[PDB]
Structures are given as structure tokens and as C-alpha cells.
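Trainee: My questions all concern the structure below.
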RNA sequence: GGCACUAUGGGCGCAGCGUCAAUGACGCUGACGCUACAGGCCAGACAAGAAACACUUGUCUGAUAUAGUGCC
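Protein chains in written order, with this note's numbering: chain A, 1 to 215; chain B, 1 to 226.
As C-alpha cells, this is what we get:
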């Protein structure tokens with residue numbers, strides 16, 4: 001019967017000067033034993049709010065915590081560029097202590113189409129007997145973008161993995177990379193490799209591609 | 001900010017193995033405070049593990065680690081310990097020690113946090129990364145810029161450092177998160193964009209540094225043509 | 001289990017003994033007396049002690065807490 005601490009929204013896109021609230025809800029009473037933490041990627045959590053409503057030190061006046069019954073809320077009164085991080089609620093009313101699962105607070109940007117780049121395997125890597133095709137979506141917004149792998153105009157599935165960056169510091173864009181992995185047997189067994197990118201900033205899906213060696 | 005917690009003792013372990021983290025207090029005496037361990041699985045949120053309270057030495061544990069882990073403090077060495085026994089894979093996380101602040105200044109807030117040590121629980125084995133170039137293309141370059149990159153593949157465990165041309169060229173670069181792949185080996189690629197005018201005028205070399213296997217690899221990236 | 005009865009705090013004497021030295025101290029033991037002051041004993045709440053539990057201390061609320069001797 002641990003106390004659960006259900007936090008929402010899990011993600012949040014705002015621009016600067018926006019009011020932002022991050023609610024959290026205790027499944028039991030936790031009195032005011034509720035803290036708020038900030039975390040930025042690869043760093044430790046910062047204490048922000050203790051005892052449900054009191055600022056820890058070096059927290060500036062735009063932060064604020066409040067309680068109603070079991071409903072606790074962090075509130076940024078007017079969001080500042082420093083303030084785009086993850087936020088966790090924690091209850092310390094009984095053991096075991098539990099955290100909220102987090103709220104990710106992202107910057108709102110103008111829409112930007114990606115610039116697509118496609119990379120064949122290397123000569124080194126095919127001497128290794130396995131082939132990897134890599135496609136590069138670069139500096140787009142928002143995050144949403146579908147990459148489709150067609151081989152000789154045949155859609156692939158299961159044989160690709162993707163990964164995205166965090167919002168850039170300079171221009172708040174993203175980047176995604178997709179990797180199709182094949183047998184060296186299967187890489188040579190086909191002639192056309194295509195990378196299909198559908199995205200909001202594209203009026204029509206940009207698709208880049210290569211054939212064999214095409215030196 | 002003379003108050004500081006310094007962690008150590010993590011690393012890579014077979015499942016069922018053991019590992020002993022230690023948190024080194026300086027700036028305060030540990031015996032006057034509750035000490036907490038909070039782990040963070042890669043890609044996930046904060047999970048509370050254990051604590052020990054002052055004056056009583058009472059210890060508390062998450063259900064998930066209850067009986068395998070054992071928290072303690074050596075008050076003469078002013079440090080806290082976490083004895084992890086019979087590790088399971090999902091014990092993999094960055095582990096943090098946190099100081100619980102004073103009842104009448106910060107409630108039960110954790111006001112000073114460790115730094116994290118990474119603990120991995122794997123029956124996999126160390127493997128340096130194979131580095132392959134992502135060769136810039138035919139450089140048709142309607143926008144006057146091309147992308148070149150390094151695929152860093154089949155490596156274990158994390159992390160990997162990637163720098164381009166030994167610290168220079170920090171601009172345009174994007175190193176991506178690694179992905180766990182079917183083999184159980186991680187792979188990531190790092191990419192930089194650059195004006196395609198200096199394509200050939202300047203040559204580009206990523207510096208892949210994988211300390212867990214002691215591989216320090218450099219690869220030149222350029223096209224091949226006819 | 002119920003019901004009564006008594007006893008329970010500090011001091012202060014009184015004896016008796018121990019306990020260490022070996023000569024003095026020092027203890028307990030006494031429903032063993034002495035006194036006016038009171039407090040002990042138990043449970044809960046709250047506050048502070050570097051204090052979530054435990055520990056210590058204080059305040060507040062309830063009376064409780066022990067025994068012994070009878071009776072049911």
C-alpha cells in the first residue's frame with residue numbers, strides 16, 4: 001500500500017512568459033509533505049519547493065507550490081528560458097518515498113521543415129558483413145515526423161531503429177536518425193534504398209535515396 | 001556550497017553480482033541528517049531506493065530492493081554506503097545519494113544531491129565500438145551545405161564520447177542518443193553539418209572515446225567518388 | 001476477568017547489612033519510622049532537541065500503572 005503520486009501532464013510545450021502549472025495527486029493523504037524538484041538532462045535534481053508550498057533557496061519568485069487536499073501543483077507564473085527542464089513531485093509523508101513520473105517542459109517554436117540526408121554503408125562496414133543505412137532529419141520542429149524505409153519501393157518494418165535529440169539550445173529544433181540494418185547478403189540483393197520522411201513542415205514527403213555504388 | 005556529496009563505486013556487474021556505492025559527505029557531518037539513495041533508470045524518472053535516519057540508524061527500503069540492498073553510514077569516515085547484493089538487470093540506473101535537509105529550514109526536501117554513479121547490471125561483456133564513416137554525398141548541395149558523420153556501432157556498455165576534430169568544430173554538430181539493438185549492443189551515430197565549400201579544403205575527423213573498453217578511436221570522413 | 005482494600009514522589013532520621021578500600025567512605029535494604037511539600041507510576045496528543053522511527057526534555061489531557069492482601 002505505497003502512496004502513489006500521479007503527475008500530469010507528462011509533457012508540455014510552452015513559450016516564454018506563459019503561465020505553466022504541473023499538477024500532482026496523492027493517492028492517500030500526505031499532509032503537506034510534498035517537494036518539487038527540477039532536473040536538467042544529465043544533471044542532478046534541484047530542490048524547488050518543500051513542505052508543499054515553501055520555496056527552497058535560490059528558487060526565484062516566479063515559482064510557487066500550493067495544496068488542496070491531495071492535489072499539489074507546481075506553478076511557474078511566467079516561464080523563462082532557464083525553466084525548461086523536467087519537474088518531479090515527491091511525497092515524504094511515509095516510507096517508501098515516491099516520486100511523480102515527471103513533467104517535461106519544452107519550448108514552443110515556429111514550424112521548421114527538416115533537411116533530409118541519407119548515408120549508404122561504408123566500404124569498411126561491408127567488409128564486416130553487415131550493412132547499416134542511416135537517414136538524417138536535421139533541425140526540424142515540431143518533434144513529430146514519420147520515417148518510412150522502402151527498399152526497391154517495398155516498405156520495410158521492424159528492421160529500423162530511430163533516435164532523436166533534445167531541443168537545441170540555439171534554435172530549439174530537433175534532429176532524428178533512422179538506421180536500417182540488413183545482411184550483407186540482403187544489401188547487395190537489392191538496388192534502390194529510399195528514406196521516406198513525412199513531416200508537418202513538408203507540403204509533400206521529402207524522400208532521399210541512393211542505388212548501389214553510384215560513384 | 002561548501003556542502004558537497006561525492007559518489008563513487010559504480011560500474012558493470014553480472015546479474016546476481018554485487019556492487020557497493022559510497023557517498024562522501026563534506027561540508028556537514030552526516031550523522032545529523034537523513035541520507036537517501038535515489039536511482040534513475042536510463043530514460044526514466046527518479047526512483048527512491050533507501051534511507052537511513054539520524055540518531056537511530058533506522059533504515060528504510062523500496063519494496064523493489066528490499067533485502068538485496070543495505071544502506072549505512074560510517075560516521076567516522078563521514079560517508080554513507082549502499083550494499084547492493086544479487087543485482088537484477090533492472091537495477092541498472094544512475095544512482096544518486098541525497099541529503100535530507102533540516103526539519104526547520106527545508107522541511108523534508110532533499111536539498112543537496114549527489115552526482116550520480118552509473119551502475120549497469122548485464123551479463124553482456126565489454127566491447128569497444130566499431131567506427132564507420134558516414135561519407136558526405138555527391139555534394140549536390142542546393143543550400144550549400146552537406147552532412148557528414150560517424151556511425152559508432154556494436155559497443156557496450158555506455159557511455160561514449162564523440163568529439164569532432166579534437167574539440168574544435170562544436171558548431172552544427174549533433175551526437176545522437178544510443179539505441180539498444182537486437183544484439184544487445186548499443187549503437188549511436190554522431191553527425192555534423194558544414195558548408196560544403198570547405199568539403200575537401202578542411203578534412204573532418206570524429207574522435208570516438210570509449211573509456212569502458214579503453215578504445216580511443218579516430219576516423220576520417222570524406223567521400224570516395226569514381 | 002470483576003471487586004475491594006492498602007502500598008507506591010521527593011527529602012529526613014533510624015537501624016540493619018552490603019560495596020570498595022582496609023580506613024574511612026560508599027551504597028542498597030527496609031507496608032523502618034518523620035514531615036510538610038508534593039511527586040511518582042501508566043496511556044494519548046502536541047512542541048523542541050542537527051530528530052518522519054527511536055531516544056531525551058517540556059507542556060497538556062485522561063487517569064492510569066504497578067504490586068500485595070482478601071472476596072467473587
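Heads up, the beta-carbon is just placed ideally off N, CA and C, and yes, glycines get one too.
#1: What in chain A is Cβ-close to residue 96/B, meaning under 8 angstroms?
#2: Do you know whose CA, among 91/A, 139/A and 129/A, lies nearest residue 184/A's CA?
#3: Does residue 21/B pass the burial test, meaning 16 or more other C-beta atoms within 10 Å, or should it be called exposed?
#4: Tell me the DSSP secondary structure of residue 214/A in three-state form.
#5: Determine the burial state of residue 121/A: buried for a count of at least 16 other Cβ atoms within 10 Å of its Cβ, exposed for fewer.
#6: Nearest chain A C-beta to residue 228/B closer than 8 angstroms, yes or no?
#7: List the residues that DSSP assigns as beta-bridge partners of residue 65/A.
#8: How long is the line joining the alpha carbons of residue 83/B and residue 198/B, rounded to whole angstroms?
#9: Could you tell me the alpha carbon to alpha carbon distance between residue 56/A and residue 206/B, rounded to whole angstroms?
#10: Quick check on the DSSP output: what are the complete beta strand (DSSP E) runs of length 3 or more inside the region 98-186 of chain A, in order along the chain?
#11: Using a threshold of 8 angstroms, state whether the C-beta atoms of residue 108/A and residue 169/A are closer than that.
#12: Beta carbon of residue 180/A, beta carbon of residue 156/A: below 8 angstroms?
#13: For residue 206/B and chain A, any beta-carbon pair shorter than 8 angstroms?
#14: Find the residues of chain A that neighbour residue 193/B, judging by a C-beta separation of less than 7 angstroms, and give them in chain order.
#15: At a cut-off of 7 angstroms, is residue 91/A close to the ligand GTP when judged by its beta-carbon and the heavy atoms of the ligand?
#16: Just verifying my parser: in three-state terms, what is the DSSP assignment at residue 195/B?
#17: Apart from the five residues just before and just after residue 40/A, which ones in its own chain have a Cβ nearer than 6 angstroms to its Cβ?
#18: Assuming residue 34/B contacts residue 4/B under a Cβ cut-off of 8 angstroms, what Cβ separation, rounded to an integer in Å, is found between them?
#19: Using only the alpha-carbon positions, how far apart do residue 211/B and residue 160/B sit?
#20: Are the beta-carbon atoms of residue 303/A and residue 140/A separated by less than 8 angstroms?
#21: Using the beta-carbon of each residue, which ones in chain B are nearer than 7 angstroms to residue 33/A?
#22: Buried or exposed: which applies to residue 96/A, given that a residue is buried once 16 or more other Cβ atoms fall within 10 Å of its Cβ?
#23: Using a Cβ-Cβ distance cut-off of 8 angstroms, determine whether residue 124/A contacts chain B.
#24: Looking only at its chain, what residues have a beta carbon closer than 6 angstroms to the beta carbon of residue 39/B, apart from the 5 residues adjacent to it on each side?
#25: When the Cα of residue 178/A is compared with those of 194/B, 151/B and 203/B, which residue comes out closest?
#26: Per DSSP, what are the beta-bridge partners of residue 180/B in this structure?
#27: Return the residue from the list 180/B, 188/B, 158/B and 192/B that minimises the CA-CA distance to residue 171/B.
#28: According to the Cβ coordinates, are residue 28/A and residue 3/A closer than 8 angstroms?
#29: Residues in the same chain with beta-carbon distance under 6 angstroms from residue 24/B, minus the five sequence neighbours each way, listed in chain order, please.
#30: Output needed for residue 71/A: all residues of its chain with C-beta closer than 6 angstroms, excluding positions within five of it in sequence on either side, in chain order.
#31: Where DSSP assigns a beta bridge to residue 50/B, which residues make up the other side?
#32: Using the beta-carbon of each residue, which ones in chain A are nearer than 9 angstroms to residue 222/B?
#33: With 16 as the cutoff for other CB atoms within 10 Å, does residue 117/B come out buried or exposed?
#34: Counting only Cβ pairs nearer than 7 angstroms, list the residues of chain B close to residue 141/A.
#35: At the level of alpha carbons, what is the spacing between residue 186/B and residue 156/B?
#36: Just verifying my parser: in three-state terms, what is the DSSP assignment at residue 133/B?
Mentor: This is what the structure holds:
#1: Those within 8 angstroms of residue 96/B in chain A are 44 and 45.
#2: It is 129/A whose Cα lies nearest to the Cα of residue 184/A.
#3: By the C-beta density criterion, residue 21/B is buried, having at least 16 other C-beta atoms within 10 angstroms.
#4: DSSP places residue 214/A outside both helix and strand once states are collapsed to three, so it counts as coil.
#5: The residue in question, residue 121/A, is buried, as its Cβ has 16 or more Cβ neighbours within 10 Å.
#6: Because chain B in this structure spans residues 1 to 226, residue 228/B falls outside the shown range and cannot be described.
#7: Looking at the DSSP output, residue 65/A shares a beta bridge with 74/A.
#8: So the alpha carbons of these two residues sit roughly 55 angstroms apart.
#9: CA-CA distance, residue 56/A to residue 206/B, rounds to 43 angstroms.
#10: As far as the region 98-186 of chain A is concerned, its whole beta strand (DSSP E) runs of at least 3 residues are 103-107, 115-119, 130-138, 145-151, 160-164 and 175-183.
#11: Between residue 108/A and residue 169/A, the C-beta gap is not smaller than 8 angstroms, which leaves the two residues out of contact.
#12: Their beta carbons are under 8 angstroms apart, which means residue 180/A touches residue 156/A by this criterion.
#13: At least 8 angstroms separates the CB of residue 206/B from every CB of chain A.
#14: The contacting residues are 138.
#15: You won't find the ligand GTP in this model; it holds no ligand whatsoever.
#16: In this structure, residue 195/B counts as strand in the three-state DSSP scheme.
#17: Cβ within range, chain order: 85.
#18: Cβ atoms of residue 34/B and residue 4/B stay farther apart than 8 angstroms, at about 17 angstroms.
#19: Rounded to whole angstroms, the gap between the alpha carbons of residue 211/B and residue 160/B is 7 angstroms.
#20: Residue 303/A is absent from the model: chain A starts at 1 and stops at 215.
#21: Near residue 33/A (Cβ distances below 7 angstroms), the residues of chain B are 108.
#22: So residue 96/A counts as buried.
#23: The beta carbon of residue 124/A sits closer than 8 angstroms to some beta carbon of chain B.
#24: Cβ within range, chain order: 47, 49, 93 and 95.
#25: Looking at the Cα atoms, 151/B is the closest of the given residues.
#26: Looking at the DSSP output, residue 180/B sits in a beta bridge with 186/B.
#27: Cα-wise, what sits closest to residue 171/B is 192/B.
#28: In this structure, residue 28/A places its C-beta atom within 8 angstroms of the C-beta atom of residue 3/A.
#29: Residues of the same chain with a CB within less than 6 angstroms of the CB of residue 24/B, apart from the 5 flanking positions on each side, are 6 and 79 in chain order.
#30: Sequence-distant Cβ neighbours of residue 71/A in its own chain, meaning closer than 6 angstroms and more than five residues away, are 25.
#31: According to DSSP, residue pairing for residue 50/B in a beta bridge involves 37/B and 61/B.
#32: Within chain A, no C-beta atom comes nearer than 9 angstroms to that of residue 222/B; the closest sits roughly 11 angstroms away.
#33: That one is buried.
#34: For a Cβ distance threshold of 7 angstroms, nothing in chain B lies close to residue 141/A: the least Cβ distance comes to about 14 angstroms.
#35: About 6 angstroms.
#36: Three-state DSSP puts residue 133/B in a strand.
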